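# Coordinate analysis (summary)
Listed below are the residues making up each chain.
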Amino acid sequence: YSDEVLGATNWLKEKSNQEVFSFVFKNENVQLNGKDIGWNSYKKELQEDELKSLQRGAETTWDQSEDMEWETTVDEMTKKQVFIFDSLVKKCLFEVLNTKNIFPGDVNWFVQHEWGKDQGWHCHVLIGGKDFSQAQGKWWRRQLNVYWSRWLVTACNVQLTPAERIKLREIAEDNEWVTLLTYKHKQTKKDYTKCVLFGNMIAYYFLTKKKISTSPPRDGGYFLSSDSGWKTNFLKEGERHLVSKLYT
Ligand SMILES: [Co+2]
């Protein structure tokens, strides 16, 4: 019952019922003119001050949440790419917040990097607050996908022609590499944004995941999490499960 565990539990419980959007940031494998662009082909470290700061935050989050009782053999390249994606995902969120003139402190958000059995690396984002309403979900997804596609093409480490960069940019938009949770529906039928409950989804779902400690990553595992209160960031896997237990 450390202060960190109690503090995270209390913070989540206070936000148990806060409605938020659910996004997933992802990428898909692309081959352009024989050039393979895989999930981890975006390893340029861009020298923009804010991005650099965000990437340092991800590194330190990884370092502090590492359990050293047990060994960890995650590939260095994998860690590097996840740290870079953490900074890029957050840059996208903050750019859209700027568009809406939303003070970052008025926003609740939670980010968790995972490895899916089929899709591989992806990043869940929960985000909402007083300046957010359900009808704005589709606009948010579109805007996020604009910035996500833009940053991915900038961060890509594969030597690309201008025509190839534009093709990659349009692939990332057309194929919706940022998804928005909606209610289930028919293909022809309208889709409605499905808001989720912030604290409940974090305590009862995201914090129940198993930590990735190997390459290849365990199917369904998580790499790294963070939130707007820096509450879950540094928690080790065992501590995260303790938070879930206390939350109930
Ligand atoms: Co997932």
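Residues numbered from 1 in each chain as written, not as in the entry; some residues may be left out. Heavy atoms only, no water.

For this coordinate set, the PDB header names X-ray crystallography as the determination method and states a resolution of 1.580 Å.

This next bit is on the coordination of the cobalt ion. Within the protein, the cobalt ion binds to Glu114 (OE), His122 (NE2) and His124 (NE2); these donor distances fall in the range 2.0 to 2.1 Å. Look at where the donors of the cobalt ion fall in the sequence and you get E-x7-H-x1-H. Using a relative accessible area of 5% as the deciding quantity, one classes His122 as buried. (Donors = N, O, S within 2.8 Å, 3.2 Å for Na, K, Ca; no water. Buried < 20%, exposed > 50% of the residue type's maximum accessible area, 1.4 Å probe, protein only.)

In this section: the UniProt feature "active site" in the protein chain. Those places that UniProt annotates as "active site" correspond, in this numbering, to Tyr205. The class of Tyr205 is partly exposed, set by a relative accessible area of 40%. (UniProt positions renumbered as here; feature names shortened; annotations may be inferred.)

A contiguous nonpolar surface patch, about 380 Å² in accessible area, is contributed by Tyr1, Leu6 and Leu246. Checked against the element boundaries, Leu246 lands in helix α7 (residues 237–247). Residue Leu246 is classed as partly exposed on the basis of its relative accessible area of 43%. (Patch = residues over 30% accessible without salt bridge, like charges linked within 9 Å, V, L, I, M, F, W, Y side chains within 5 Å. Areas by Shrake-Rupley, 256 points an atom, 1.4 Å probe, with all protein chains shown as cover. Salt bridge = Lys/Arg side-chain N within 4 Å of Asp/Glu carboxyl O. Helix = DSSP H or I, 4+ residues; strand = E, 2+ residues; numbered from the N terminus.)

If you add up the space inside the largest pocket, you get close to 280 Å³. In this structure, the largest pocket is lined by 14 residues; those nearest its centre are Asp67, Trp70, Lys211, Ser213 and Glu237. For the second largest pocket, the calculated volume is near 210 Å³. Taken together, the elements giving at least two residues each to the lining of the second largest pocket come down to α2 (49–65), α3 (76–99), β4 (107–116) and β8 (221–227). Partitioning the lining of the second largest pocket into residue classes produces eight nonpolar, eight polar and two charged. (1 Å grid on protein atoms, 1.4 Å probe; cavity = no way out; pocket = protein on both sides within 12 Å on 5 of 7 lines; lining within 4 Å. Points joined across faces, edges and corners; volume = space filled by probe spheres on them. Nonpolar A, V, L, I, M, F, W, Y, C, P; charged D, E, K, R; others polar.)

Before going further, it helps to spend a moment on the environment of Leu144. Along the chain, the position of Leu144 falls in helix α4 (residues 137–155). A residue is classified by how much of its surface remains accessible, and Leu144, at 0% relative accessible area, is buried. Between the C-alpha atom of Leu144 and that of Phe25, which follows or precedes it by 119 residues, the distance is 8.9 Å. Each residue touching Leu144, except ones within four places of it in the same chain, is listed here: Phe23, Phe25, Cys92, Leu93, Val96 and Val178. (Contact = heavy atoms within 4.5 Å.)

Time to look at the side chain of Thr9. Within the secondary structure, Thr9 sits in helix α1 (residues 3–14). Other than its neighbours up to four places away in sequence, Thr9 contacts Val243, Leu246 and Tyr247.

Geometry of an aromatic ring pair is reported as the spacing of the ring centres plus the angle between the planes. Tallied over the entire structure, the rule returns 19 aromatic pairs. On the numbers, 5.3 Å between centres and 90° between planes, the contact of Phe25 with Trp148 is edge-to-face. Taken together, the positions of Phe25 in strand β1 (residues 19–26) and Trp148 in helix α4 put the pair 123 residues apart, joining distant regions of the chain. Judged by its relative accessible area of 0%, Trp148 falls in the buried class. Counting every residue linked through ring pairs, the aromatic cluster contains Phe25, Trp39, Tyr42, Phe85, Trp115, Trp121, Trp148 and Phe223. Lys100 extends its terminal NZ or CZ atom over the ring of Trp139, reaching a point 4.9 Å from the ring centre. The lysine or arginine in question, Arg240, covers the ring of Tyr222, its NZ or CZ lying 3.7 Å from the ring centre. (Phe/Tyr/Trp six-rings, centres within 6.5 Å; stacked < 30°, edge-to-face > 60°. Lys NZ or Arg CZ within 6 Å of the ring centre and 35° of its normal.)

This next bit is on the pairing of strand β5 (residues 120–129). Of all ten residues making up β5, ten are buried, and the element is well covered by its neighbours. In the sheet, β1 pairs with β5 via six bridges, with the strands oriented antiparallel. Paired with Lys26 across the two strands is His122, which belongs to β5. Pairing analysis gives ten bridges linking β4 to β5, with the strands arranged antiparallel. Paired with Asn108 across the two strands is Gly128, which belongs to β5. Connecting β4 to the next strand, β5, in antiparallel fashion are three residues. (Pairing = 2+ DSSP bridges.)

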